[PDB]
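K.L.:
Fold the following and give me the result.
(chains A and B)
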Number of protein chains: 2
Amino acid sequence: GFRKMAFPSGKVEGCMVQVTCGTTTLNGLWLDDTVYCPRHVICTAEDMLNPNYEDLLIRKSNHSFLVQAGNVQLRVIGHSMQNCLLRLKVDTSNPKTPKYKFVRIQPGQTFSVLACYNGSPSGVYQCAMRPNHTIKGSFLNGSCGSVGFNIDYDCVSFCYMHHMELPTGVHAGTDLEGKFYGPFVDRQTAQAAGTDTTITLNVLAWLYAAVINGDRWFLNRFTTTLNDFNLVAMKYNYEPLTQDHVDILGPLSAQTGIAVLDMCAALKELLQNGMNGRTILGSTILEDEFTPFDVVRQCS
Amino acid sequence: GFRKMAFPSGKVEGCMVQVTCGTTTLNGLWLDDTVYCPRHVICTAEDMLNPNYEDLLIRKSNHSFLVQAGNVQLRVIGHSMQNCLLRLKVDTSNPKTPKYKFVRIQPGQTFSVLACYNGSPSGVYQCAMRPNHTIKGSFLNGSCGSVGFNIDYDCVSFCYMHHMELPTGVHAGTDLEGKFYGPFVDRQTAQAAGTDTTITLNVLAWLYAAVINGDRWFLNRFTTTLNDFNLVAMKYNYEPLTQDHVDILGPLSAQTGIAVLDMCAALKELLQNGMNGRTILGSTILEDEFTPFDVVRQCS
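P.N.:
Residues are numbered from 1 along each chain as shown, chains lettered A, B, ... in the order given. Right below this line is the structure:
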């Protein structure tokens, strides 16, 4: 539609904690008797250069970690490493633990992020994982350990934890198994975001959203080949569209009676000629941070 | 200032309930022993074309209102009208009630809306009260009695309740005292939104945010009088900027080292020459939905 929306953040707010090792404070996620946070919490200045994490961690005791849930200190009674995450066992299982899963999303998919500072929910926003495996977020002075999530009924699917700002100001992080999205690493290296593309699947979904809402002036009489579309789109720095993507857009295509390649033909014409001062869904640009599922969830 | 950020919505989620009258169902807000919802819950299609609310309400008892917090019915044990709100008294206080205030906001100010359907939170989004007293984006359809709010520390400031859709997609609603923002009424007339302007003060605030984020290309060596800035900006449908507005921009001016009148000179040039295919904070248009306070809170 028109407004981009985040999921209501309440269920995730009740899981946010502050984790401190000496001089470093970040956010952790408290689910049952476990707190999850970036492993780099155990790290200092010089450590970030080339950290032997599994060495630095051998040093630490349970009493090293200060876990604060609002006004209560949670006793840490275990710690371990899973990839780029520290897992802290605490003596209290979170009475607000929602129904939840850990998922790994795909590039181009959207999720809500609750930005927190020192364990304290600060703001909520909706974003996409970019094709280049980074997020164009707003993570400021101490937001590491903030999570991305989707909510389907009363089940929270956690998908993202924030680890690092990249040289461009874009954000890099892991799933909830501690595996980075992207080639990125939790140390100070020369790593930079790759060049980014537009999420074609998502633009197409948003064009379906527009048509569903009666904004359809951009439709035309013609069709295109998949390959002929990709030939045009890639010149505009759009992600090649796959047959898998064509299939993903199936329900919206059946809802509107507009074949995906008929819609590609409309997009092709939009890219070559522009909007000509017009708007789609009150936008002067082609929007790419709404998935097919987002579109179905909201209007459709 | 890349991302519009909503306040975390958990304190408000715990306050949302469904209120049913006949076959009319909408959202209510349960604070302690009271449920606030729009008065037009008591109206039908007949009634909405020309309601006398006093005459409609007197025909009602406590039992005619069905209020549900989730699956659990709350019994109504008192009812009164406050301007365009119904106030229902219930036989339980809400243990989830946060600290809270009712505030009437001013046009150009921002707030978060928790969009709900049948007392079930659906999404949260950040928005501005437009100078013409409407709220933009078409994303409050079905969500009558959804509330806007701001949060400061642990205190929710409720500022907005959704009532109506105008013929132009945008929404109208009241404060939590039942008073409309703008010249609208809760009946089915041809009332329309007045002329709207761009929130000049917010655009300047956002331009400051871009300089703080290292986006600097639109600055110039020129300055301007407030008068001459206004002679131009008013041609482009921008709110007149007053000295009060210049003064609000002080902190941001002192942070960046750019004089407010110098930054106005930048905006004048940007209005007169357009953006020339460049972006500012990722946008191809000048954003007016971040207040100076938002920019301090979120950008720097």
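K.L.:
Going by C-alpha atoms from here, please, whenever you check contacts or count neighbours.
P.N.:
Fine.
K.L.:
Indicate the residue of chain A located nearest to chain B.
P.N.:
Nearest residue of chain A to chain B (CA to the nearest CA) works out as residue A:10 at 3.5 Å.
K.L.:
I'd say that residue and residue B:15 touch.
P.N.:
No: using CA atoms under 8 Å, residue A:10 is not in contact with residue B:15, being 11.6 Å away.
K.L.:
which ones are touching the residue of chain A closest to chain B?
P.N.:
Residues near residue A:10 by CA atoms under 8 Å, 6 or more residues apart in numbering or on different chains: B:8, B:9, B:10, B:11, B:13.
K.L.:
Among the residues you listed, which are located in helices?
P.N.:
The helices, defined by DSSP state H, take in B:10, B:11, B:13 from the contacts of residue A:10.
K.L.:
Out of those residues, flag the one nearest to chain A.
P.N.:
residue B:10 (3.5 Å).
K.L.:
how near is residue A:102 to residue A:16?
P.N.:
As judged by CA to CA, to the nearest Å, residue A:102 and residue A:16 stand 16 Å apart.
K.L.:
can you check residue A:287 too?
P.N.:
31 Å.
K.L.:
again with residue A:124
P.N.:
Distance from residue A:124 to residue A:16, by CA to CA: 13 Å.
K.L.:
before we move on, what about residue A:141?
P.N.:
To residue A:16, residue A:141 is 17 Å away according to CA to CA.
K.L.:
same thing with residue A:298?
P.N.:
Per CA to CA, residue A:298 is found 27 Å from residue A:16.
K.L.:
Name the residue in these two with the higher neighbour count.
P.N.:
Remark: of residue A:298 and residue A:16, residue A:16 carries more neighbours, 28 against 15, as counted by other CA atoms under 10 Å in any protein chain shown.
K.L.:
was I right about the more buried one contacting residue A:28?
P.N.:
Yes: counting by CA under 8 Å, residue A:16 does reach residue A:28; the two are 6.0 Å apart.
K.L.:
does residue A:300 really touch residue A:212, like I thought?
P.N.:
Yes: the pair residue A:300 and residue A:212 qualifies as a contact (CA under 8 Å) at a distance of 7.3 Å.
K.L.:
start to end distance for stretch A:116-135?
P.N.:
End-to-end distance for stretch A:116-135, by CA to CA: 16 Å.
K.L.:
Any residue of that stretch touching chain B?
P.N.:
Yes: if you take CA under 8 Å from any CA of the partner chain as the test, stretch A:116-135 does meet chain B, through A:121, A:122, A:123, A:124, A:125.
K.L.:
Most neighbours among the residues you listed, please name it.
P.N.:
Within the residues of stretch A:116-135 next to chain B, most neighbours by other CA under 10 Å means residue A:124, with 29 neighbours.
K.L.:
Secondary structure element holding that residue?
P.N.:
Using DSSP states H and E, residue A:124 falls within strand A:120-128.
K.L.:
how far is that strand from where the chain is centred?
P.N.:
Averaging C-alpha positions (CA atoms, centre = their mean, to the nearest Å) puts strand A:120-128 10 Å from its chain's average.
K.L.:
Quick check: neighbours of the helix or strand that comes right after that strand in the sheet, parallel or antiparallel?
P.N.:
Once strand A:120-128 ends, the next helix or strand along the chain (criterion: DSSP H and E) is strand A:147-152. In the sheet, strand A:147-152 lines up against strand A:110-117 (antiparallel), strand A:155-165 (antiparallel) (DSSP bridges).
K.L.:
just the CA coordinates of strand A:147-152, formatted as PDB?
P.N.:
Output in PDB follows, covering the C-alpha atoms of strand A:147-152 (Å, rounded to 0.1, in the frame of the first residue of the first chain):
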ATOM      1  CA  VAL A 147      16.900  -7.900  16.500                       C
ATOM      2  CA  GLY A 148      14.800  -8.100  13.300                       C
ATOM      3  CA  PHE A 149      11.600 -10.200  13.400                       C
ATOM      4  CA  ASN A 150       8.400 -11.000  11.700                       C
ATOM      5  CA  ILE A 151       5.200 -11.900  13.600                       C
ATOM      6  CA  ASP A 152       2.800 -14.400  12.100                       C
END
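K.L.:
buried stuff in it?
P.N.:
A:147, A:148, A:149, A:150, A:151 (16 or more other CA atoms under 10 Å in any protein chain shown).
K.L.:
Not counting that strand itself, show me its contacts.
P.N.:
Outside strand A:147-152, the residues within contact range by CA under 8 Å, 6+ apart are A:7, A:29, A:111-115, A:156-162.
K.L.:
okay, the residues you listed in a markdown table with neighbour count next?
P.N.:
A markdown table is the format used below for the contacts of strand A:147-152 (neighbours: other CA atoms under 10 Å in any protein chain shown):
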| residue | neighbour count |
| --- | --- |
| A:7 | 28 |
| A:29 | 27 |
| A:111 | 28 |
| A:112 | 23 |
| A:113 | 30 |
| A:114 | 31 |
| A:115 | 29 |
| A:156 | 22 |
| A:157 | 20 |
| A:158 | 24 |
| A:159 | 24 |
| A:160 | 30 |
| A:161 | 31 |
| A:162 | 24 |
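K.L.:
Need the residues you listed in CSV (columns: distance to residue B:22).
P.N.:
Converted to CSV, those look like this (distance: CA to CA, whole Å):
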residue, distance to residue B:22
A:7, 30
A:29, 44
A:111, 38
A:112, 36
A:113, 39
A:114, 39
A:115, 42
A:156, 34
A:157, 37
A:158, 40
A:159, 42
A:160, 44
A:161, 46
A:162, 48
